[PDB]
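**Q** Below you'll find model_28.txt; it's compact mmCIF, C-alpha atoms.
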# COMPACT_ATOMS: atom_id res chain seq x y z
CA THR A 7 -52.92 56.18 -15.22
CA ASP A 8 -52.51 55.82 -11.45
CA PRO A 9 -55.48 57.29 -9.50
CA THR A 10 -53.70 57.33 -6.12
CA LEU A 11 -50.10 58.16 -7.02
CA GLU A 12 -51.41 61.26 -8.81
CA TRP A 13 -53.46 62.25 -5.76
CA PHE A 14 -50.57 61.54 -3.40
CA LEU A 15 -48.13 63.62 -5.42
CA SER A 16 -50.53 66.58 -5.45
CA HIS A 17 -49.79 66.74 -1.74
CA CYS A 18 -46.04 66.43 -2.08
CA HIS A 19 -43.33 68.86 -3.14
CA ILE A 20 -41.24 67.61 -6.04
CA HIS A 21 -37.75 68.98 -6.52
CA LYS A 22 -34.71 68.08 -8.61
CA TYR A 23 -31.40 66.88 -7.18
CA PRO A 24 -28.41 67.07 -9.55
CA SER A 25 -26.05 64.08 -9.34
CA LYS A 26 -23.88 63.77 -6.21
CA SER A 27 -26.04 66.30 -4.35
CA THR A 28 -27.25 65.24 -0.91
CA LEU A 29 -30.96 64.82 -0.15
CA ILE A 30 -30.79 63.91 3.53
CA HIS A 31 -27.79 64.55 5.78
CA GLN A 32 -27.09 62.16 8.65
CA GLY A 33 -28.26 63.08 12.14
CA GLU A 34 -31.06 65.16 10.62
CA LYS A 35 -34.34 65.00 12.54
CA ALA A 36 -36.48 62.72 10.34
CA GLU A 37 -39.85 64.14 9.27
CA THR A 38 -39.99 62.89 5.66
CA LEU A 39 -40.59 60.52 3.75
CA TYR A 40 -39.27 60.90 0.22
CA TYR A 41 -40.67 59.36 -2.96
CA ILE A 42 -38.40 58.94 -5.98
CA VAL A 43 -40.24 60.02 -9.12
CA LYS A 44 -37.24 59.50 -11.40
CA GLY A 45 -33.50 58.76 -11.24
CA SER A 46 -31.54 56.90 -8.57
CA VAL A 47 -29.99 57.64 -5.17
CA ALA A 48 -27.49 56.04 -2.78
CA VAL A 49 -27.54 55.36 0.95
CA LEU A 50 -24.08 55.89 2.45
CA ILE A 51 -22.37 55.37 5.80
CA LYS A 52 -18.78 55.43 7.04
CA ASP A 53 -17.33 52.15 8.30
CA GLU A 54 -14.30 51.88 10.54
CA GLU A 55 -11.53 53.48 8.50
CA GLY A 56 -14.03 56.16 7.46
CA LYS A 57 -14.58 54.83 3.95
CA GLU A 58 -17.83 55.43 2.10
CA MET A 59 -19.95 52.29 2.23
CA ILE A 60 -23.01 51.85 0.02
CA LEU A 61 -26.01 50.40 1.86
CA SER A 62 -28.41 50.45 -1.07
CA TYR A 63 -29.43 52.08 -4.32
CA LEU A 64 -33.01 53.30 -4.51
CA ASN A 65 -34.70 53.79 -7.88
CA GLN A 66 -37.76 55.44 -9.40
CA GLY A 67 -40.94 54.45 -7.56
CA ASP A 68 -39.21 53.66 -4.27
CA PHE A 69 -39.61 55.54 -1.00
CA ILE A 70 -37.01 57.17 1.20
CA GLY A 71 -36.62 57.17 4.97
CA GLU A 72 -39.53 55.29 6.14
CA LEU A 73 -38.28 53.97 9.44
CA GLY A 74 -38.86 57.53 10.48
CA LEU A 75 -42.61 57.21 10.17
CA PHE A 76 -42.89 54.54 12.85
CA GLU A 77 -40.11 55.89 15.08
CA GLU A 78 -40.74 59.37 16.45
CA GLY A 79 -37.62 61.52 16.82
CA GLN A 80 -35.71 58.78 15.01
CA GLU A 81 -32.69 60.28 13.25
CA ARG A 82 -31.09 59.17 9.98
CA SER A 83 -28.38 56.57 10.61
CA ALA A 84 -26.72 57.01 7.20
CA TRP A 85 -27.46 59.82 4.76
CA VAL A 86 -29.12 59.88 1.33
CA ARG A 87 -27.28 61.18 -1.73
CA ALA A 88 -28.17 61.40 -5.42
CA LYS A 89 -26.21 59.37 -7.98
CA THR A 90 -28.04 60.66 -11.04
CA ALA A 91 -29.97 63.90 -11.56
CA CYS A 92 -33.34 62.88 -10.14
CA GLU A 93 -36.72 64.29 -9.13
CA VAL A 94 -37.95 63.43 -5.65
CA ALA A 95 -41.22 64.20 -3.89
CA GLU A 96 -41.39 64.66 -0.13
CA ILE A 97 -44.30 65.04 2.26
CA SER A 98 -44.61 66.00 5.93
CA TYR A 99 -44.80 62.76 7.93
CA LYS A 100 -47.58 64.59 9.76
CA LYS A 101 -49.56 65.25 6.59
CA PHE A 102 -48.83 61.80 5.19
CA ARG A 103 -50.47 60.27 8.26
CA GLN A 104 -53.56 62.22 7.23
CA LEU A 105 -53.52 60.90 3.67
CA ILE A 106 -53.54 57.38 5.10
CA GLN A 107 -56.91 58.09 6.70
CA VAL A 108 -58.38 59.44 3.47
CA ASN A 109 -57.22 56.63 1.17
CA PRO A 110 -55.01 54.06 2.87
CA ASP A 111 -53.97 52.77 -0.56
CA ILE A 112 -50.68 54.63 -0.99
CA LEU A 113 -49.74 53.28 2.43
CA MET A 114 -50.22 49.89 0.79
CA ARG A 115 -47.71 50.68 -1.96
CA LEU A 116 -44.84 51.92 0.20
CA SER A 117 -45.75 49.25 2.68
CA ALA A 118 -45.15 47.10 -0.41
CA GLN A 119 -41.69 47.10 -2.00
CA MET A 120 -40.12 46.95 1.45
CA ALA A 121 -41.66 43.50 1.55
CA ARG A 122 -40.55 42.63 -1.95
CA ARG A 123 -37.48 44.42 -0.61
CA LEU A 124 -37.23 42.00 2.32
CA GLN A 125 -38.21 38.89 0.37
CA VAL A 126 -34.78 39.42 -1.17
CA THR A 127 -32.73 39.83 1.99
CA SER A 128 -33.35 36.95 4.34
CA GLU A 129 -33.58 33.31 3.37
CA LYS A 130 -30.09 33.53 4.82
CA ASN A 133 -27.21 31.61 13.67
CA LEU A 134 -24.08 31.69 15.83
CA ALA A 135 -22.91 28.25 14.70
CA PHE A 136 -23.39 29.41 11.11
CA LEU A 137 -21.56 32.73 11.51
CA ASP A 138 -18.59 30.91 13.01
CA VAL A 139 -17.98 28.85 9.87
CA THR A 140 -18.57 31.96 7.76
CA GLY A 141 -15.78 33.69 9.69
CA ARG A 142 -13.42 30.74 9.26
CA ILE A 143 -13.94 30.32 5.50
CA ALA A 144 -13.41 34.04 4.93
CA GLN A 145 -10.10 33.72 6.75
CA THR A 146 -8.98 30.74 4.67
CA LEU A 147 -9.51 32.68 1.45
CA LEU A 148 -7.96 35.81 2.95
CA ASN A 149 -4.81 33.89 3.91
CA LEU A 150 -4.44 32.00 0.63
CA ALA A 151 -4.41 35.29 -1.28
CA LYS A 152 -1.23 36.23 0.57
CA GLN A 153 0.44 32.96 -0.44
CA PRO A 154 3.29 32.96 -3.00
CA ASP A 155 1.28 30.65 -5.26
CA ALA A 156 -1.52 33.20 -5.64
CA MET A 157 -2.45 34.72 -9.00
CA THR A 158 -2.72 38.45 -9.63
CA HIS A 159 -6.23 39.48 -10.68
CA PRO A 160 -7.41 42.91 -11.90
CA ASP A 161 -9.83 42.86 -8.95
CA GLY A 162 -7.45 41.33 -6.40
CA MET A 163 -5.89 37.91 -5.87
CA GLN A 164 -6.91 34.58 -7.41
CA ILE A 165 -6.41 31.31 -5.53
CA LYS A 166 -6.73 27.58 -6.22
CA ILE A 167 -8.75 25.31 -3.93
CA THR A 168 -11.65 22.84 -3.98
CA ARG A 169 -14.88 23.32 -2.04
CA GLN A 170 -14.14 20.07 -0.28
CA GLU A 171 -10.72 21.36 0.72
CA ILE A 172 -12.33 24.39 2.37
CA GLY A 173 -14.69 22.14 4.32
CA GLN A 174 -11.85 19.85 5.36
CA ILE A 175 -9.79 22.80 6.61
CA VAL A 176 -12.65 24.52 8.44
CA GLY A 177 -14.45 21.36 9.58
CA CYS A 178 -17.75 21.42 7.71
CA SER A 179 -19.64 19.57 4.96
CA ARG A 180 -18.96 20.26 1.29
CA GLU A 181 -22.49 21.62 1.11
CA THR A 182 -22.10 24.11 3.95
CA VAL A 183 -19.19 25.42 1.88
CA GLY A 184 -21.45 25.95 -1.14
CA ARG A 185 -24.03 27.57 1.12
CA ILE A 186 -21.36 30.01 2.30
CA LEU A 187 -19.55 30.44 -1.03
CA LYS A 188 -22.85 31.34 -2.69
CA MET A 189 -23.54 33.89 0.04
CA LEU A 190 -20.07 35.45 -0.13
CA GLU A 191 -20.43 35.56 -3.91
CA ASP A 192 -23.75 37.39 -3.59
CA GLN A 193 -21.99 39.92 -1.37
CA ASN A 194 -19.65 40.71 -4.27
CA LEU A 195 -16.67 39.73 -2.13
CA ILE A 196 -15.47 36.60 -3.93
CA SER A 197 -15.95 34.59 -7.13
CA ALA A 198 -16.41 30.83 -7.51
CA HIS A 199 -15.97 28.70 -10.63
CA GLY A 200 -14.59 25.16 -10.40
CA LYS A 201 -11.28 25.03 -8.56
CA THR A 202 -10.67 28.73 -9.19
CA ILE A 203 -11.63 31.33 -6.58
CA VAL A 204 -10.92 35.07 -6.76
CA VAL A 205 -10.79 37.49 -3.82
CA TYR A 206 -11.80 41.11 -4.47
CA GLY A 207 -9.92 44.06 -2.95
CA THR B 7 -53.95 48.44 27.09
CA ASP B 8 -53.66 48.73 23.31
CA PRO B 9 -56.84 49.75 21.46
CA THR B 10 -55.75 49.20 17.86
CA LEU B 11 -54.35 45.88 19.07
CA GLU B 12 -57.53 45.16 21.00
CA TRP B 13 -59.92 45.46 18.08
CA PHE B 14 -57.42 43.69 15.84
CA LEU B 15 -57.54 40.53 17.94
CA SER B 16 -61.29 40.26 18.28
CA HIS B 17 -61.14 39.93 14.50
CA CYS B 18 -59.28 36.62 14.23
CA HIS B 19 -58.65 33.24 15.81
CA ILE B 20 -56.11 32.99 18.62
CA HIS B 21 -54.49 29.58 19.01
CA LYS B 22 -52.45 28.02 21.81
CA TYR B 23 -49.32 26.09 20.88
CA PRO B 24 -47.34 23.66 23.05
CA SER B 25 -43.57 24.01 22.71
CA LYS B 26 -42.00 22.06 19.84
CA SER B 27 -45.28 21.96 17.91
CA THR B 28 -44.95 23.24 14.34
CA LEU B 29 -47.12 26.16 13.22
CA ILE B 30 -46.11 26.61 9.58
CA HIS B 31 -44.84 23.81 7.34
CA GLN B 32 -42.85 24.01 4.10
CA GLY B 33 -44.68 24.44 0.79
CA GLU B 34 -47.74 25.85 2.53
CA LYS B 35 -50.03 28.22 0.65
CA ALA B 36 -49.57 31.67 2.20
CA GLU B 37 -52.87 33.09 3.48
CA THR B 38 -51.79 34.05 7.01
CA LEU B 39 -50.35 36.12 8.73
CA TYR B 40 -49.91 35.28 12.40
CA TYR B 41 -49.39 37.61 15.35
CA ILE B 42 -47.57 36.30 18.40
CA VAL B 43 -49.62 37.45 21.39
CA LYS B 44 -47.37 35.70 23.90
CA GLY B 45 -44.23 33.57 23.79
CA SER B 46 -41.68 32.83 21.06
CA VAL B 47 -41.27 30.82 17.85
CA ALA B 48 -38.41 29.62 15.64
CA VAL B 49 -38.07 29.95 11.86
CA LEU B 50 -36.41 26.70 10.79
CA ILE B 51 -35.51 25.24 7.40
CA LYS B 52 -34.34 21.75 6.54
CA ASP B 53 -31.01 21.86 4.74
CA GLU B 54 -28.87 19.79 2.39
CA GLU B 55 -29.57 16.37 3.86
CA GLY B 56 -31.31 17.18 7.16
CA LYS B 57 -30.52 19.28 10.22
CA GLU B 58 -33.27 21.84 10.83
CA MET B 59 -30.67 24.55 10.67
CA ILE B 60 -32.55 27.36 12.44
CA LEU B 61 -33.12 30.81 10.93
CA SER B 62 -34.66 33.22 13.44
CA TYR B 63 -36.52 33.89 16.69
CA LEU B 64 -39.81 35.79 16.77
CA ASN B 65 -41.40 36.87 20.05
CA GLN B 66 -44.47 38.54 21.51
CA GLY B 67 -45.55 41.44 19.30
CA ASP B 68 -44.44 39.83 16.06
CA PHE B 69 -46.16 39.16 12.76
CA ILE B 70 -45.44 36.00 10.78
CA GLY B 71 -44.97 35.49 7.06
CA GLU B 72 -45.96 39.10 6.44
CA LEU B 73 -44.27 38.78 3.07
CA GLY B 74 -46.99 36.46 1.80
CA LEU B 75 -49.72 39.01 2.41
CA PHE B 76 -48.54 40.98 -0.62
CA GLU B 77 -48.24 39.29 -4.01
CA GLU B 78 -50.56 36.41 -4.88
CA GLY B 79 -49.17 32.88 -4.73
CA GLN B 80 -46.24 32.24 -2.39
CA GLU B 81 -46.43 28.97 -0.46
CA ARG B 82 -44.16 29.01 0.66
CA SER B 83 -40.82 27.74 1.86
CA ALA B 84 -39.64 28.66 5.30
CA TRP B 85 -40.79 26.95 8.42
CA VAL B 86 -42.06 27.63 11.88
CA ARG B 87 -42.21 25.89 15.24
CA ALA B 88 -42.97 27.03 18.77
CA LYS B 89 -39.91 27.16 21.01
CA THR B 90 -42.00 27.78 24.12
CA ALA B 91 -45.73 27.26 24.61
CA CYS B 92 -47.16 30.34 22.91
CA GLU B 93 -50.46 31.95 21.87
CA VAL B 94 -50.65 33.01 18.23
CA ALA B 95 -53.47 35.03 16.69
CA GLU B 96 -54.00 34.59 12.94
CA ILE B 97 -56.13 36.17 10.21
CA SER B 98 -56.69 35.48 6.50
CA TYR B 99 -54.86 37.84 4.15
CA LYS B 100 -58.11 38.90 2.51
CA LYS B 101 -59.92 39.75 5.74
CA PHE B 102 -56.87 41.67 6.88
CA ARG B 103 -56.88 43.52 3.56
CA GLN B 104 -60.41 44.58 4.46
CA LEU B 105 -59.48 45.64 7.97
CA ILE B 106 -56.73 47.79 6.47
CA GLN B 107 -59.57 49.90 5.07
CA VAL B 108 -61.58 49.90 8.31
CA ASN B 109 -58.71 51.19 10.46
CA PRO B 110 -55.26 51.37 8.81
CA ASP B 111 -53.48 51.58 12.18
CA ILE B 112 -52.81 47.84 12.12
CA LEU B 113 -51.17 48.17 8.73
CA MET B 114 -48.88 50.59 10.51
CA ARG B 115 -47.61 48.03 13.02
CA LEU B 116 -47.17 45.52 10.19
CA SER B 117 -45.16 48.04 8.19
CA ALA B 118 -43.29 49.17 11.29
CA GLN B 119 -42.07 45.61 11.86
CA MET B 120 -40.98 45.34 8.24
CA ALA B 121 -39.09 48.62 8.53
CA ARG B 122 -37.13 47.42 11.56
CA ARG B 123 -36.10 44.33 9.59
CA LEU B 124 -34.68 46.59 6.89
CA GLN B 125 -32.59 48.45 9.46
CA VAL B 126 -30.91 45.18 10.43
CA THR B 127 -30.17 44.27 6.82
CA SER B 128 -28.55 47.51 5.67
CA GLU B 129 -26.12 47.38 8.58
CA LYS B 130 -24.23 44.59 6.82
CA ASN B 133 -16.47 43.15 4.03
CA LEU B 134 -14.38 40.00 4.42
CA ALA B 135 -12.28 41.37 7.28
CA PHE B 136 -15.46 42.31 9.14
CA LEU B 137 -17.08 38.90 8.63
CA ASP B 138 -13.88 37.30 9.91
CA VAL B 139 -14.01 39.20 13.20
CA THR B 140 -17.72 38.46 13.49
CA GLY B 141 -16.91 34.74 13.30
CA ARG B 142 -14.26 34.95 16.01
CA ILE B 143 -16.45 36.97 18.38
CA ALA B 144 -19.33 34.52 18.06
CA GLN B 145 -16.86 31.70 18.70
CA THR B 146 -15.68 33.28 21.95
CA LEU B 147 -19.29 33.65 23.09
CA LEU B 148 -19.97 30.09 21.98
CA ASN B 149 -17.15 28.51 24.00
CA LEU B 150 -17.77 30.59 27.13
CA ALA B 151 -21.40 29.48 27.41
CA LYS B 152 -20.03 25.95 27.73
CA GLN B 153 -17.79 27.03 30.60
CA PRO B 154 -18.43 25.78 34.16
CA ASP B 155 -18.82 29.37 35.37
CA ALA B 156 -21.78 30.12 33.10
CA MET B 157 -25.22 31.22 34.33
CA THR B 158 -28.50 29.42 33.70
CA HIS B 159 -30.79 31.76 31.76
CA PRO B 160 -34.43 31.25 30.70
CA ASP B 161 -33.37 31.84 27.08
CA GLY B 162 -30.03 30.01 27.23
CA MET B 163 -26.65 30.52 28.88
CA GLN B 164 -25.29 33.72 30.41
CA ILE B 165 -21.56 34.47 30.57
CA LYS B 166 -19.35 37.14 32.16
CA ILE B 167 -17.05 39.23 29.96
CA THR B 168 -16.21 42.85 29.13
CA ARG B 169 -16.11 44.52 25.71
CA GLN B 170 -12.34 45.03 25.75
CA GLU B 171 -11.65 41.46 26.87
CA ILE B 172 -13.32 40.14 23.72
CA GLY B 173 -11.30 42.58 21.63
CA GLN B 174 -8.03 41.33 23.10
CA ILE B 175 -8.89 37.68 22.46
CA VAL B 176 -10.06 38.25 18.89
CA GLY B 177 -7.61 41.03 18.02
CA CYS B 178 -9.90 43.98 17.34
CA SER B 179 -10.67 47.43 18.74
CA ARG B 180 -13.06 48.11 21.62
CA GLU B 181 -15.30 49.88 19.10
CA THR B 182 -15.38 46.92 16.71
CA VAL B 183 -16.70 44.79 19.56
CA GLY B 184 -19.39 47.39 20.24
CA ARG B 185 -20.70 47.44 16.67
CA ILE B 186 -20.72 43.64 16.43
CA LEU B 187 -22.48 43.22 19.78
CA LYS B 188 -25.21 45.56 18.54
CA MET B 189 -25.71 43.46 15.42
CA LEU B 190 -25.82 40.10 17.21
CA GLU B 191 -28.34 41.48 19.70
CA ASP B 192 -30.51 42.77 16.86
CA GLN B 193 -30.34 39.29 15.33
CA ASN B 194 -31.78 37.92 18.58
CA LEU B 195 -28.77 35.69 19.23
CA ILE B 196 -27.44 37.37 22.38
CA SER B 197 -28.22 40.11 24.90
CA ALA B 198 -25.73 42.55 26.40
CA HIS B 199 -25.98 44.46 29.69
CA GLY B 200 -22.72 45.75 31.16
CA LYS B 201 -20.36 42.85 31.82
CA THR B 202 -23.24 40.38 31.47
CA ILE B 203 -23.77 38.60 28.15
CA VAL B 204 -26.40 35.90 27.61
CA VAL B 205 -26.07 33.35 24.80
CA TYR B 206 -29.43 32.14 23.46
CA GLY B 207 -30.00 28.44 22.76
Any chance you could put this one into structure tokens?

**A**
Amino acid sequence: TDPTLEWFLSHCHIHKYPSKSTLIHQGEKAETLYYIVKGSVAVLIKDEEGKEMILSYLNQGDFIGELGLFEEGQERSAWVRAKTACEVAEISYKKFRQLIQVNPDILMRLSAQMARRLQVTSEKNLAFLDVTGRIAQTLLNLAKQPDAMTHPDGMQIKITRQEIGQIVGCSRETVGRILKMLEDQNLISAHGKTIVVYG
Amino acid sequence: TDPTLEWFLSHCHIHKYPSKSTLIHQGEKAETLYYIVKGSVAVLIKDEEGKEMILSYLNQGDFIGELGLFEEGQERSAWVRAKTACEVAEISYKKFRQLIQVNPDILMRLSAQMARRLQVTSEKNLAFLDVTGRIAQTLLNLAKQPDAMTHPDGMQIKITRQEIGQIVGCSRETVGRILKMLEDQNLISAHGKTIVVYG
């Protein structure tokens, strides 16, 4: 059992959100503070060219819209929507601040993840971003070449890591540093001399 | 004045650091937890070969390795040095964990900082990363121009939002969004026609 969680939730209101239903709409005045008891949700924005862009998926046990607890008035840059029928608890920010006085443990939890949530995004300057822009261009251009292969996901090209570095003007390593990053962004794919560009 | 920051301060050792003196080394043993009372530091890393490729820039009102606090173990890759001569207060994780109980307010400001770092992360395709590389390049070359200003943090140049768009080949809005990002990353600062390039 979980002494705190159970206490915490006895101060929250749990409701169900059928898939695709929206939990928080975008310029809403933040005052909660949502805790996912079960199921998953998505954080969406619209980029230039008004396409839905997924910022993150949040799963059971995670919290929703902190960033509004430490920023009065703060709105909701990007709005929360359910992906699967899920139960979510929500508590007045005002009342939550009271819980923290009583037993500052829950605060520890939420405080948590984030951290485990940051320890995953980071370990990542101007000089660096420049090369990242150049390499992305090289791959973008090669996909439009007549010698490009057609891939179910997009276009597949042929080039060595050293060739990328020679073209852009960087070490073979810097290429791997960037290729790995781009690959983690689900934008490209690297295996030997074969590289595939998505979209 | 800042009460919750005044108590939390009396409960820990504040250290002075001359510029270019390292605070945190690689492989460390995470048990702190520093708070920059005054000045600025730089999160470095030594790369493939060598080259201190930098990583960040933390200033007054910042916590350090706050990720270590949670989750036993963790020393501790990363790195830290003082850019300018700065005063840094530090406290053992375990004592802090006790203070959290005494007055949780300080756990607020630690969580607050973590929240802000999430904001920056979520706000991140190939085409976009390409433009980001070109824009940084324009700012990079201009700071080396004879008509650049001497700024305490680096070099300050003169250019409008639309001028950058014309050079790179993007909308006036695209420049706006990218300038926001780069300023949040602590690489530049924008104020009207004035743009200052750090470093």

**Q** Here is a test: counting all atoms listed in the file, which residue of A:192, A:12, A:111, A:34 is nearest to chain B?

**A**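 Smallest separation from chain B among the options: A:111.
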
**Q** Which residues of chain B are close to chain A, meaning at most 9 Å apart when you count all atoms listed in the file, and how do they look as a PyMOL selection string?

**A** chain B and resi 54+59-62+72-74+76-77+84+106-107+109-110+113-118+120-125+127-130+133-145+147-148+181-182+190+193+195

**Q** Could the residues in this selection be written to a file with C-alpha atoms, as an mmCIF file, keeping the file's coordinate frame?

**A**
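Listing of again-v8.cif after writing:
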data_model
loop_
_atom_site.group_PDB
_atom_site.id
_atom_site.type_symbol
_atom_site.label_atom_id
_atom_site.label_comp_id
_atom_site.auth_asym_id
_atom_site.auth_seq_id
_atom_site.Cartn_x
_atom_site.Cartn_y
_atom_site.Cartn_z
ATOM 1 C CA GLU B 54 -28.870 19.790 2.390
ATOM 2 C CA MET B 59 -30.670 24.550 10.670
ATOM 3 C CA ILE B 60 -32.550 27.360 12.440
ATOM 4 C CA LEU B 61 -33.120 30.810 10.930
ATOM 5 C CA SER B 62 -34.660 33.220 13.440
ATOM 6 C CA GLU B 72 -45.960 39.100 6.440
ATOM 7 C CA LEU B 73 -44.270 38.780 3.070
ATOM 8 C CA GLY B 74 -46.990 36.460 1.800
ATOM 9 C CA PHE B 76 -48.540 40.980 -0.620
ATOM 10 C CA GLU B 77 -48.240 39.290 -4.010
ATOM 11 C CA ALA B 84 -39.640 28.660 5.300
ATOM 12 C CA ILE B 106 -56.730 47.790 6.470
ATOM 13 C CA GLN B 107 -59.570 49.900 5.070
ATOM 14 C CA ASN B 109 -58.710 51.190 10.460
ATOM 15 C CA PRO B 110 -55.260 51.370 8.810
ATOM 16 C CA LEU B 113 -51.170 48.170 8.730
ATOM 17 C CA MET B 114 -48.880 50.590 10.510
ATOM 18 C CA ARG B 115 -47.610 48.030 13.020
ATOM 19 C CA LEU B 116 -47.170 45.520 10.190
ATOM 20 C CA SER B 117 -45.160 48.040 8.190
ATOM 21 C CA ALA B 118 -43.290 49.170 11.290
ATOM 22 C CA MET B 120 -40.980 45.340 8.240
ATOM 23 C CA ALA B 121 -39.090 48.620 8.530
ATOM 24 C CA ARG B 122 -37.130 47.420 11.560
ATOM 25 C CA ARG B 123 -36.100 44.330 9.590
ATOM 26 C CA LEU B 124 -34.680 46.590 6.890
ATOM 27 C CA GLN B 125 -32.590 48.450 9.460
ATOM 28 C CA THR B 127 -30.170 44.270 6.820
ATOM 29 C CA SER B 128 -28.550 47.510 5.670
ATOM 30 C CA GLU B 129 -26.120 47.380 8.580
ATOM 31 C CA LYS B 130 -24.230 44.590 6.820
ATOM 32 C CA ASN B 133 -16.470 43.150 4.030
ATOM 33 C CA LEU B 134 -14.380 40.000 4.420
ATOM 34 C CA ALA B 135 -12.280 41.370 7.280
ATOM 35 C CA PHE B 136 -15.460 42.310 9.140
ATOM 36 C CA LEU B 137 -17.080 38.900 8.630
ATOM 37 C CA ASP B 138 -13.880 37.300 9.910
ATOM 38 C CA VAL B 139 -14.010 39.200 13.200
ATOM 39 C CA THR B 140 -17.720 38.460 13.490
ATOM 40 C CA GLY B 141 -16.910 34.740 13.300
ATOM 41 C CA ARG B 142 -14.260 34.950 16.010
ATOM 42 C CA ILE B 143 -16.450 36.970 18.380
ATOM 43 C CA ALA B 144 -19.330 34.520 18.060
ATOM 44 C CA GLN B 145 -16.860 31.700 18.700
ATOM 45 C CA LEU B 147 -19.290 33.650 23.090
ATOM 46 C CA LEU B 148 -19.970 30.090 21.980
ATOM 47 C CA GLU B 181 -15.300 49.880 19.100
ATOM 48 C CA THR B 182 -15.380 46.920 16.710
ATOM 49 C CA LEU B 190 -25.820 40.100 17.210
ATOM 50 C CA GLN B 193 -30.340 39.290 15.330
ATOM 51 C CA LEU B 195 -28.770 35.690 19.230
#

**Q** Mind giving me the straight-line distance from atom CA of residue A:55 to atom CA of residue B:188 in Å, one decimal?

**A**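 A separation of 18.7 Å between them.
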
**Q** Which residues, written as an MDAnalysis selection string, have at least one atom at most 7 Å from residue A:30, with all atoms listed in the file counted and residues fewer than 6 positions away on the same chain left out?

**A** chainID A and resid 85:87

**Q** Would you list the residues near (-51.3, 36.1, 6.1), meaning any protein, DNA or RNA residue with an atom at most 6 Å from that point in file coordinates, counting only C-alpha atoms, as a list in words?

**A**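 In the file's frame, the residues around the point are residues 37, 38, 39, 75, 98 and 99 of chain B.
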
**Q** Would you list the contacts of residue B:68 as a count of residues only, taking every protein, DNA or RNA residue within 10 Å and counting only C-alpha atoms, but skipping same-chain residues closer than 5 positions in sequence?

**A** 13

**Q** Using only C-alpha atoms, find the one residue out of B:50, B:151, B:112, B:165 that sits nearest to residue B:13.

**A**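 Among the listed residues, B:112 lies closest to residue B:13.
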
**Q** Around all listed atoms of stretch 100-104 of chain B, padded 4 Å per side, what centre and edge lengths does the axis-aligned box have in Å to one decimal, as AutoDock Vina command-line options?

**A**
--center_x -58.6 --center_y 41.7 --center_z 4.7 --size_x 11.5 --size_y 13.7 --size_z 12.4

**Q** How many Å lie between atom CA of residue B:199 and atom CA of residue B:155, rounded to one decimal?

**A** 17.6 Å

**Q** What gap, in Å, lies between atom CA of residue B:69 and atom CA of residue B:203?

**A**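 We find that atom CA of residue B:69 and atom CA of residue B:203 lie 27.2 Å from each other.
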
**Q** Which one is closest to residue A:163: A:204, A:126, A:19, A:48? Count only C-alpha atoms.

**A**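 Answer, going by the shortest atom-to-atom distance: A:204.
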
**Q** With distances taken over all atoms listed in the file, which residue among A:164, A:31, A:58, A:23 lies nearest residue A:149?

**A**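 Ranked by minimum distance to residue A:149, first place goes to A:164.
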
**Q** Using all atoms listed in the file, list the residues that have an atom at most 12 Å from (-9.3, 22.4, -3.7), coordinates as in the file, as an MDAnalysis selection string.

**A** chainID A and resid 146:147 150 165:175 180 183 198:203

**Q** Got a sec: who's within 6 Å of residue B:18, counting only C-alpha atoms, leaving out chain neighbours fewer than 2 positions off, as number ranges by chain?

**A** B: 15-16, 96-97
